[PDB]
Amino acid sequence: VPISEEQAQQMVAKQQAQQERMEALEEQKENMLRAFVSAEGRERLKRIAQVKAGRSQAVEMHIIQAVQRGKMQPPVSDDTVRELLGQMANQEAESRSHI
């Protein structure tokens, strides 16, 4: 009674358009990192994501914005990943020191 057959046909679409768009960005991200970051450096990031997801995620954000703008040379070495994971950890603590 309250909502049309067509209008309900639209909200299942809208809602399934979004589960698509979600999946397409999770895939775009996975591709962007395959291309940008080395294999060793990509394991390391997922290995650390388990313990400190937020940390590993702060690097992935940075590597992507950085490579996309030509500020970093892909593919990014495990050595540079390890370096970045320390720098964020370190700055996480320097925030939490209230400084």
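Residues numbered from 1 in each chain as written, not as in the entry; some residues may be left out. Heavy atoms only, no water.

Structure determination for this entry is recorded as X-ray crystallography, at 2.501 Å resolution.

## Details of the packing of helix α2 (residues 39-68) against helix α3 (residues 78-96)
Where we set the bar: The angle between two axes is taken between their N-to-C directions and runs from 0 to 180 degrees, where each axis is a line fitted to C-alpha atoms and a helix contributes only its stretch in contact. Think of it this way: any DSSP run of H or I at least four residues long counts as a helix, any run of E at least two long counts as a strand, and we number them from the N terminus. Roughly parallel refers to an angle under 35 degrees, roughly antiparallel to one over 145, roughly perpendicular to one between 65 and 115, and oblique to any angle outside these ranges. Handedness of a helix crossing follows the sense of rotation of the near helix relative to the far helix, less than a right angle counterclockwise being left-handed and clockwise being right-handed. Residue contacts are defined here by distance: any two heavy atoms, one from each residue, within 4.5 Å place the two residues in contact. Each residue is assigned to one of three groups, with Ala, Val, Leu, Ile, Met, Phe, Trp, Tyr, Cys and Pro labelled nonpolar, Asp, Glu, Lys and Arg labelled charged, and all others, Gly among them, labelled polar.
One can describe the packing of α2 onto α3 by two numbers: an axis separation of 9 Å at closest approach and a directional angle of 70°. Here α3 runs roughly perpendicular to α2, going by the angle between their axes. Between α2 and α3 lies a crossing whose hand is left-handed. The residues of α3 that touch α2, namely those facing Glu40, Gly41, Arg44, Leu45, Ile48, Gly54, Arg55, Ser56, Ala58, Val59, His62 and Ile63, are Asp78, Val81, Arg82, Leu84, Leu85, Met88, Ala89 and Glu92. Split into classes, the residues belonging to the contact of α2 with α3 amount to 10 nonpolar, 4 polar and 6 charged.

## Considerations on the side chain of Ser56
To keep things clear, this is the line we draw: Think of it in three bands: with a 1.4 Å probe and only protein chains considered, a residue is buried below 20% of the maximum accessible area for its type, exposed above 50%, and partly exposed in between.
Here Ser56 is to be found in helix α2. The class of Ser56 is buried, set by a relative accessible area of 2%. Apart from the residues within four sequence positions on either side, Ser56 is in contact with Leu45, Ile48, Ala49 and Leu85.

## Details of the pattern of salt bridges
It is possible for side chains of opposite charge to pair when their charged atoms get near one another. Condition: For salt bridges, the criterion is a side-chain nitrogen of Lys or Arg within 4 Å of an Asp or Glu carboxyl oxygen.
Applying the stated criterion to the full structure yields 3 salt bridges. The closest approach of N and O atoms between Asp78 and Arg44, which form a salt bridge, is 2.5 Å. Of this pair, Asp78 sits in helix α3 while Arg44 sits in helix α2, placing them 34 residues apart in sequence. The pair formed by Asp78 and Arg44 is uniform in burial state, with each residue classed as buried.

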